[PDB]
2 protein chains.
Amino acid sequence: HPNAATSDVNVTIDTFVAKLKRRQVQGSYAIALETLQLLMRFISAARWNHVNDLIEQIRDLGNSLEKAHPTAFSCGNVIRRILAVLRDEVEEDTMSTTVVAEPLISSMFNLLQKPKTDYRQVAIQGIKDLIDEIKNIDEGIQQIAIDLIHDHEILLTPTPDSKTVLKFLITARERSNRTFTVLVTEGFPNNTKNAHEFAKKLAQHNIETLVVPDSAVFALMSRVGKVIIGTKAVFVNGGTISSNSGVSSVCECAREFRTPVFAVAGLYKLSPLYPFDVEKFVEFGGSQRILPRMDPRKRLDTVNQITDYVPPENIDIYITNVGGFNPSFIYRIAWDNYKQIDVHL
Amino acid sequence: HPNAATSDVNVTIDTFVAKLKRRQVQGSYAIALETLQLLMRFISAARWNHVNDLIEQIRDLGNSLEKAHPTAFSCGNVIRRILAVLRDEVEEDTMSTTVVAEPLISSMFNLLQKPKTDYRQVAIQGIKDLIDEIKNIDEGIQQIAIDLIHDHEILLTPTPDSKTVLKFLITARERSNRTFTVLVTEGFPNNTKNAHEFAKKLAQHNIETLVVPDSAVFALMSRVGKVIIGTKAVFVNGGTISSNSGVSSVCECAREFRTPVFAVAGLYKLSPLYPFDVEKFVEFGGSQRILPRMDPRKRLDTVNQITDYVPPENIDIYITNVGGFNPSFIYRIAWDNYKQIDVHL
């Protein structure tokens, strides 16, 4: 469905679109929040009574948003989650309206073989619940995460940008008995300032900080104990897209030297879409913040990328609010929140 | 060739044989010394008249010695070295007697194409030189050896039976600026007491000592920095015979984790003969030490071995008195000490 009725009924959709396209909005969490707000707006003002049609409309809306920005996934994910929440409720309702037990939580053969209420209030509650979840992830992570960090171990931290990862680190550091040394990679094109900020924050807490160039991975890796990455998007097979610059090579190095690789993950950040090719999913970066002047650029060709995709062969741990999970197992987790039908919208 | 010619001229051969058989002589160095002494005795007493015949006799004697004891490699090696020493002198002499171009020190095409003096004194001197070489090995290692180990690094030590390895460790430990943690694997049926002794020595030296059982190698492997072998005999392609029990598995583990594997022995232990079979050269221990009783132990056939063989693929460094060498290079060193015809006797 095109934007014809969805302009005067709900106002800020255009603004959201603008934020998405021209990068006015910063941080995936913020984007998610915005999406939630939009959904709430859609719910409160508009009236439907018919449910399947509404669901279809919602799906269409999600799809359009996805098509608008091919590298922002959190927005999509949240919508998908909401749809999933709706669907189960709808299914429950149908059974009451009309008036079989499964071996596990879900059946396989049921896809092939033929199978006024306070619903609005429930829907409203759902959004609130989602918001709450988004707010408090660290409270669920803390009692699972601080179990594996030991004394006299050096920790390498690629991609330092997220407010969650920092918080996690700080919680660990609060326990002064647990000794750890932090190596911080700069990240040439985009991460630099952020990395510096992170370092400053560490200093403020009184944690031992070491500033690392992007080339110096091989020389330190023999001394590196555990590697913790702050990812933006999590996928089906295990692989992740991390928040810009120098992740793949580092992972490869880790694999070579046999190093345990931790990752800060989220259930709303987890995506049920599969990454088949490196050519499509990887977002490339600007040459403006590399070399000034454009007359030498006539012959020379600068190659640079923002967000970097990782193969599932390297990472081993995914610390969430529920717990730590294997990359060769995270699909199950996704399925416990998302459906196979709601993948291709 | 029998011992019909040598009865009143040389008698000590029998004694040497006795020492070999019932293990009255202990430590390869001692064996080497004995061999040297025997050679000296042979030289001082016997008559020659001819040189080629004498050489042949020497070869025969060597063969006999080998037949008497195969696990005594040092004995063989020393003899070979002596032969090589003789040979060059003989070659030199021939050139004067008769009265040549070469790209390097030795040529391959010289084998394909058709080619009284005071040599006794030279031969005597050779023995002395060999003795001198045997005397000090550690002094020619320590200048290279105390350059590899660094601060806050962890060492793992299989085979503490060798006298050289301990000395090497001690020399490293002497330095006030250098600090390292030592993990020691025991070796149950052959190395236990020796291992304990080593540990005690380490304690005395005032270093942080960690006594580790043979099962607890895997758990500490994430912290292991370097691997050192207490080998007894070196060979052509790189493979080495180690001084009894608990070496192979550890080496394999190191290879798996890509941990650097060092080896310290010496060039007198180095042999120009190939270890084609593990079963032929490696000798087995005793069943009595493992388990008591005899009548039920007829049913319980126990397998236990003294010496251990490690493939050249795992080991990378062979630091000797001359300098640091590789398994891909050590063959040339052997050639520089033992001649082409002297390999087969």
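Annotations for the structure displayed:
- Scoring A:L65 on the criteria (1) under 21 Å from A:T320 (Cβ atoms); (2) in the same structural domain as A:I43 (by CATH); (3) under 21 Å from the mean Cα position of the chain (by Cα) leaves a single failure, condition (1).
- Residues of region A:216-231 that turn out to be more than 27 Å from the chain's Cα centre (by Cα) and either farther than 17 Å from A:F257 by Cα or more than 14 Å from every other protein chain (Cβ to nearest Cβ) (or both), as a count: 1
- Number of positions in region B:217-270 that are under 18 Å from B:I330 (Cβ atoms), small (G, A, S) and out of contact with any strand residue (DSSP E or B) (no Cβ under 6 Å at 6 or more places or on another chain): 4
- Test: A:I341 is buried (at least 19 other Cβ atoms within 10 Å of the Cβ) and in a loop (DSSP other than H, G, I, E, B): no
- Filtered residue count, region A:71-125, keeping only those that are assigned to a loop (DSSP other than H, G, I, E, B), among the polar types (S, T, N, Q) and surrounded by 10 or more Cβ atoms within 10 Å (Cβ to Cβ): 5
- Failed item, numbered, when B:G286 is tested on (1) out of contact with any strand residue (DSSP E or B) (no Cβ under 7 Å at 6 or more places or on another chain); (2) of a type in the set (G, A, S); (3) surrounded by 14 or more Cβ atoms within 10 Å (Cβ to Cβ): (3)
- Residue check for A:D316: of a type in the set (D, E), away from every other protein chain (no Cβ under 14 Å) and out of contact with any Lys or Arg (no Cβ under 9 Å at 6 or more places or on another chain): no
- Scanning region A:46-70 for residues that are of a type outside the set (A, V, I, L, M, F, W, C) and either in contact with a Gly (Cβ under 8 Å, 6 or more places away or on another chain) or closer than 17 Å to A:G266 by Cα (or both) yields A:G62, A:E66.
- Residue match in region A:167-184 (condition: touching a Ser or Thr at 6+ places or on another chain (Cβ under 7 Å) and either within 14 Å of another protein chain (Cβ to nearest Cβ) or closer than 19 Å to A:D308 by Cα (or both)): yes
- Close Cβ contacts (under 8 Å, 6 or more residues apart or on different chains) running from residues in region A:247-271 that are farther than 17 Å from A:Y309 by Cβ and within 13 Å of chain B (Cβ to nearest Cβ) to residues that are buried (at least 23 other Cβ atoms within 10 Å of the Cβ) and among the hydrophobic types (A, V, I, L, M, F, W, C) comprise A:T259/A:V227; A:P260/A:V227.
- Among residues of region A:243-283 being over 11 Å from A:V227 (Cβ atoms) and hydroxyl-bearing (S, T, Y), the one that is surrounded by the fewest Cβ atoms within 10 Å (Cβ to Cβ) is A:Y274.
- Residue in region B:40-62 that is of a type in the set (K, R), touching a helix residue (DSSP H, G or I) at 6+ places or on another chain (Cβ under 9 Å), within 29 Å of B:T307 (Cα to Cα) and assigned to a helix (DSSP H, G or I) present: yes
- A residue that is farther than 22 Å from A:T157 by Cα, among the hydrophobic types (A, V, I, L, M, F, W, C) and either in the same structural domain as A:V217 (by CATH) or assigned to a loop (DSSP other than H, G, I, E, B) (or both) occurs nowhere in region A:257-265.
- Taken as a whole, region A:293-305 holds at least one residue that is touching a strand residue (DSSP E or B) at 6+ places or on another chain (Cβ under 8 Å) and either more than 14 Å from chain B (Cβ to nearest Cβ) or assigned to a loop (DSSP other than H, G, I, E, B) (or both).
- Scan of region A:163-206 for residues that are surrounded by fewer than 15 Cβ atoms within 10 Å (Cβ to Cβ) and over 26 Å from A:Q26 (Cα atoms), ordered by number: A:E174, A:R175, A:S176, A:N177, A:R178, A:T179, A:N206
All of this is worked out from the model, or read from it or from the source named; nothing here is a laboratory result. A quick note on method: Cβ atoms are made from the backbone with ideal geometry, for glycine too, and the neighbour counts reach across all protein chains shown.
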